[PDB]
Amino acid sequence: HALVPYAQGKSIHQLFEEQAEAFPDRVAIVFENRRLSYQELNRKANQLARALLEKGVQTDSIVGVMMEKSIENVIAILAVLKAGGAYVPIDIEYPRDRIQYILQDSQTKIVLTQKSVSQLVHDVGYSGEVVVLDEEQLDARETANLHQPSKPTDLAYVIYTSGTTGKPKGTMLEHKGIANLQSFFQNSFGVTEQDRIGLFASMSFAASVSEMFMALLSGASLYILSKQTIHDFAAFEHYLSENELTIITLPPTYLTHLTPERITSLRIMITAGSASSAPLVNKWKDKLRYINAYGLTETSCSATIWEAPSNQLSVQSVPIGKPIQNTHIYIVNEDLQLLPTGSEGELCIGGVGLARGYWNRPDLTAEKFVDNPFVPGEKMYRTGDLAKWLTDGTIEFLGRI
């Protein structure tokens, strides 16, 4: 039994199926002028999951996804999880050679795409199975849940990232971190089925996975923001306002361009990926609940939060806060010795959100995902981030070691 309760023993798609059973007629997903209910979304994913099972998708199958941000991309993701596999979202705007390297590194034998992306799949020369989902004839297939065997330690998704230099690498994420996040978001952000959540991040990026499941594992609605909507700050404000969106996660670099008087309905603004200035926090923290979230691809996108304390004077600095439920974080020196208040060292993260490691990168995995000496038999991730404890028990982010 976990320190903080969550839906232990459950896969991502099982938690989604429970929401589709409880809230069948609520709106699940919106893109432009189209929307699906939970029941509609679940049925379509089950029809596709049975097709993918017939093609050989099984536990720890890595299934490439080369698709636009769309309702059909979400159907594909849910279908891969229900068939028992794991998906790798491939950024279709990347140069050809980067897509080629990712597909080759991943060793994926099956890629899901759409008609508008088929020519790119041909041009990067992929020689495995290609499923053109908007040519697939699925309407006759059974719409019931599959109930395939699954364990929360099974792979769910693989996210590729490239450093300044270094080859793209795949971070392997299991279901368990996203199951814990469902509990975290309900407890700490009060997410309910009433919420209307924007999908901002590229569906290549680990943050997108977090955003998508923030909605779909609570019965809330997910509004997939279009390229045009994100590109124009006025259009972005109008879209949020007209659709009464209640929660969004943004890079602070984007939030900087927005006008609080132009967003009607948000109850929470989360910023992630980089630091928010104190002036940016002061501009927003009395209009809504401002949350600074610190987390990594390697930790299921989550580690710590700092919600700006409500009804307070201005702040002159912006902590990254405290570890979230069922996660551990340590500030250590180069010898992995714990540091007292005020001493800067490396953030190391442990607990349920930790990736399995890097795909086919055993020495890098061993270097980064080290034995947790504080909790025998667990691992912890060496972030490369510098931080210190404040004596109030919050963490200050200081940059890179």
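Start at 1 with the first residue shown and count on from there.
Stretches 328-336 and 358-366 differ in mean CA B factor, with 358-366 having the higher one. Just going by the entry, 349-357 versus 53-61 on mean CA temperature factor gives the higher value to 53-61. By the numbers in the PDB entry, the CA B factor is greatest at 288 among 288, 78, 173, 247. Per the deposited record, 163 carries the highest C-alpha B-factor of all listed residues (89, 319, 323, 163). In the PDB entry, residue 267 places in the middle third of its chain by CA B-factor. For residue 372, the recorded CA temperature factor ranks within the middle third of the chain's modelled residues. Per the deposited record, the Cα B-factor of residue 254 falls in the middle third when ranked against the other modelled residues of its chain. Residue 3: CA B factor in the highest third of modelled residues in this chain (values from the PDB entry).
In this PDB entry, residue 401 carries a Cα temperature factor that places it within the highest third of its chain's modelled residues.
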